Amino acid sequence: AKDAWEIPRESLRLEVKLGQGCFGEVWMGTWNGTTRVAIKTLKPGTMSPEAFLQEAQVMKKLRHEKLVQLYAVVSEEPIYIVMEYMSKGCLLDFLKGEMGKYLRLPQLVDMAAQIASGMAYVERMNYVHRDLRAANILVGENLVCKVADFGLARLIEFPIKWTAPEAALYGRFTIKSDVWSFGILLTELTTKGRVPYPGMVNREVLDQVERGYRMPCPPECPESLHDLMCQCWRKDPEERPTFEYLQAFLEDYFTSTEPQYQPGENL
Ligand SMILES: */C=C/C(=O)Nc1cccc(-c2c[nH]c3ncnc(OC)c23)c1
């Protein structure tokens, strides 16, 4: 028995590869002959069909302007998850590539504010994302940024570099472990997409972060924004800020917190 998200596969056409998802290719396509969509597919043997479809099931419950929106599901093999098309690709590639070279702090903080707004919704809905990072943010026209890849997201009831230590070690995933990941994402934004903890392997990251080590202020990043990162990286997850606070802080940043900001060479 199917629900009202289900469509027939013949209503989809797949034009062009957009890249590799976690478990199969993602394609740009059209739906019902007039809607541009993205279509996540499942590579054979990677994982079971319904484990793949848990991603679609979580997106059925989520609807916000800063989260990539589910459109439709084909729940018979070959499975397709059909969703909103984001024309500028993943944020990580955007930051690393030609276009991000001219991004400066006002645009980067505005992207962080949009991401914080989507995560504030996740927060209000009592969900956790667990895979928050620049590779899982998608960019659209006018530099809209949206939270994507809900493959691990879940109603509240792993790469150590982005994952809060209590989640990596003990599996304690809460919205505060996502707040930690958002702090790491802020470093990806202010370094034009560099890998966090440069020159450290995972085991060193784990040992050091447990000893109190935190990344220093990126070059030309204001101390006030590095302070925000350090708050997101507090050892005690309950001392980390809420996404509601991060959204407001970042939206108001250049009036309330850095009214004297001056452009630099890179930020
Ligand atoms: C950061 C690299 C990366 O993950 N790129 C990437 C892979 C697969 C798909 C996409 C992509 C691009 N536009 C999209 N719109 C909607 N959904 C997507 O994937 C789910 C999109 C980028």
# chains A, B, ... in the order shown; residues from 1 in each chain; ligands from 1
>>> closest_atom_pairs(of="chain A", to="ligand 1", cutoff="8 Å", atoms="only C-alpha atoms and all ligand atoms", output="CSV")
residue,atom,partner,partner_atom_place_in_ligand_line,distance
A:17,CA,ligand 1,9 (C),7.9
A:18,CA,ligand 1,9 (C),4.8
A:19,CA,ligand 1,7 (C),3.8
A:20,CA,ligand 1,7 (C),4.8
A:21,CA,ligand 1,8 (C),5.0
A:25,CA,ligand 1,8 (C),6.9
A:26,CA,ligand 1,9 (C),5.0
A:27,CA,ligand 1,9 (C),7.0
A:28,CA,ligand 1,14 (C),7.4
A:37,CA,ligand 1,16 (C),7.2
A:38,CA,ligand 1,16 (C),4.8
A:39,CA,ligand 1,20 (C),7.0
A:40,CA,ligand 1,20 (C),6.1
A:68,CA,ligand 1,16 (C),6.9
A:83,CA,ligand 1,16 (C),6.2
A:84,CA,ligand 1,16 (C),5.5
A:85,CA,ligand 1,15 (N),3.9
A:86,CA,ligand 1,15 (N),3.8
A:87,CA,ligand 1,13 (N),5.5
A:88,CA,ligand 1,13 (N),6.4
A:89,CA,ligand 1,12 (C),4.0
A:90,CA,ligand 1,1 (C),4.1
A:91,CA,ligand 1,1 (C),6.3
A:92,CA,ligand 1,1 (C),5.1
A:93,CA,ligand 1,1 (C),5.3
A:134,CA,ligand 1,1 (C),7.2
A:135,CA,ligand 1,1 (C),4.0
A:136,CA,ligand 1,4 (O),6.4
A:137,CA,ligand 1,1 (C),7.8
A:138,CA,ligand 1,14 (C),6.4
A:139,CA,ligand 1,13 (N),7.6
A:148,CA,ligand 1,20 (C),6.9
A:149,CA,ligand 1,20 (C),6.5
>>> select_by_dssp(residues="region 85-143 of chain A", states="strand (DSSP E)", output="JSON, numbers by chain")
{"A": [127, 128, 137, 138, 139]}
>>> residues_around(residues="region 166-180 of chain A", least_positions_apart="3", cutoff="6 Å", atoms="only C-alpha atoms", output="CSV table (one decimal) with C-alpha atoms, in the first residue's frame")
chain,number,residue,atom,x,y,z
A,128,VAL,CA,18.8,15.6,14.4
A,158,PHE,CA,31.3,8.6,11.9
A,163,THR,CA,31.1,14.9,14.5
A,183,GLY,CA,30.8,25.1,14.2
A,232,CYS,CA,29.5,25.5,19.2
A,233,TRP,CA,32.5,23.3,20.3
A,237,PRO,CA,26.7,19.7,24.7
>>> residues_around(residues="region 46-51 of chain A", least_positions_apart="3", cutoff="7 Å", atoms="only C-alpha atoms", output="PDB file with C-alpha atoms, in the first residue's frame")
ATOM      1  CA  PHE A  23      24.681   5.047  -2.243  1.00  0.00           C
ATOM      2  CA  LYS A  43      23.394   1.427  -6.743  1.00  0.00           C
ATOM      3  CA  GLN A  54      14.339   5.761   5.167  1.00  0.00           C
TER       4      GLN A  54
END
>>> closest_residue(among="A:161, A:55, A:265, A:124", to="residue 214 (chain A)", atoms="only C-alpha atoms")
A:161
